[PDB]
């Protein structure tokens, strides 16, 4: 169900209707320290100029880092949401796939941080994202 971490019996928005399901993000591997996700490039992932939209790398990094945090913290009573996403763009992608790998670099009580690398089908580094995730007690 994009293979997002199954941590709750109900979610407000079904995968297929979310932004993630609309553009087609799917999680491959997920561990407490490292997660991967990928997407096929389609027009839905593109801006009008034919290259993958800058926002799509941002969103891929956002979901992967946040959900990789959720995977650990939800069962502990916490919620995780993005608090900063800094994405830098090195090389565009016209077609193929975008593959993201998030490596956890800090896991603090209130903040987790993930380095996300976004690669094309040749393995070339096309973008990176520094993802800062706020971790707070779940609300009643």
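Residue numbers count along the first chain shown, from 1.
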query: 46-54 versus 74-82: which one carries the higher mean Cα B factor per the record?
result: 74-82
- prompt: Of 55-63 and 27-35, which one has the bigger average CA B-factor?
  reply: 27-35
query: Taking the entry's C-alpha B-factors for this chain, is residue 121 in the lowest, middle or highest third?
result: highest
- line: The third of the chain into which the C-alpha temperature factor of residue 4 falls is the middle
